[PDB]
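First, one chain by itself: the form deposited without the named molecule, in structure tokens.
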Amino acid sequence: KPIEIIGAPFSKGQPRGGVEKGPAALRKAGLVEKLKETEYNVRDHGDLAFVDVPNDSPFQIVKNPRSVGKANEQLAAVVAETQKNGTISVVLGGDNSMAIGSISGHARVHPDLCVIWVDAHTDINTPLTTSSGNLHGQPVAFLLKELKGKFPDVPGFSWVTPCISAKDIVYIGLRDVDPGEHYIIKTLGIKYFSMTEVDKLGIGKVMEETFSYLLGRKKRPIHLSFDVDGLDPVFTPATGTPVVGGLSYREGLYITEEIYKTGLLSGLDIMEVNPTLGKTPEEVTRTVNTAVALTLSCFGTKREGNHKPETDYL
């Protein structure tokens, strides 16, 4: 299948500006060029242009509900279009709120997909439980069937249709969960591997586990929503919500490497890369480079090396 890059330069999902420069930063680092050197046909769709909704009064505590809901509906339509044509979508964030459009779109064409959410957070706060307005912390609430109607309808999200059930999502790398979120994942019986489970089992046993939970009964396409903060701030410092005690660069690459091997990766997001949040330029390069490394790993790049078949060396 070919790969289609889609930039989502949107940052109204959280309080600080910056994530909109994520797509630019990743491209400037040669992400598309590097991708072209793999056994995949790469088409770069370019960055979506989001029309800013005027007089976007907060719902209640929820902020920018219309701009976010609109931007997502727009993104969902695009993602649905490429998936339709049989291509693998890669969304360059942009903050996590944009995972609503990405997974929705993807689900329109692939209704039986599962989601592997790699993050330091669950991002499952409903507009009620949220302690801030911020929508980047609420993606999964708007996507879960089991949470349908457990909160008021938000302006701009009328189009949203809960596509995944609690049995289709696995979390990896949790270490910063709110009481409400914790209550929800505990109540609904959601599967997760927080840093304490990664510490106990090892990333090898962790991936083995997630694949038999998700793919044990039957094979289905996978959507990997990757948040750069799921790794330790020492590796990906330039994000808005860094939390020490994260996954290591190695563990990061092991996750993506294992995913490639299933041959089921259908959708992928690289979110939260905030170019303006690094103390020094080296921190921006460090974050960007690991974000790219993660991407190429999903598409065949192995640490043991790679070589073009049919070519005879020697």
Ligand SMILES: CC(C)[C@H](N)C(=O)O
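All residue numbers are counted from 1 along the displayed sequence.
Looking at 163-171 and 115-123 together, the entry lists the larger mean B-factor for 163-171, computed on C-alpha atoms. For the pair 48-56 and 32-40, the mean B factor over Cα atoms is greater in 48-56. Each of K200, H223, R217, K205 has a CA temperature factor in the record; the biggest one is found at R217. When the Cα B-factors of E146, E81, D95, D176 are read from the PDB record, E146 comes out highest. Sorting the modelled residues of the chain by their CA temperature factor places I61 in the highest third. Ranked by Cα temperature factor within the chain, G13 sits in the highest third according to the deposited record. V243: CA B factor lies in the lowest third for its chain, per the PDB record. Among the modelled residues of the chain, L188 sits in the highest third by CA temperature factor in this PDB entry. Annotation for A24: CA B-factor lies in the highest third of the chain's modelled residues.
There is another form of this protein, the form deposited with the named molecule bound, and it is not shown here; the text below is about that form.
The closest non-hydrogen atom of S165 lies beyond 4.5 Å of the named molecule in the deposited complex. Although the partner is absent here, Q83 sits far enough away that none of its heavy atoms falls within 4.5 Å of the named molecule in the deposited complex. Interface membership of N125, defined by any non-hydrogen atom within 4.5 Å of the named molecule in the deposited complex, is confirmed. In the deposited complex, at least one heavy atom of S132 sits within 4.5 Å of the named molecule.
Partner contacts here mean any heavy atom within 4.5 Å of the named molecule in the deposited complex, and among 106-114, 156-164, 202-210, 132-140 they occur only in 132-140. Each of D178, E181 and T241 comes within 4.5 Å of the named molecule in the deposited complex, counting any heavy atom.
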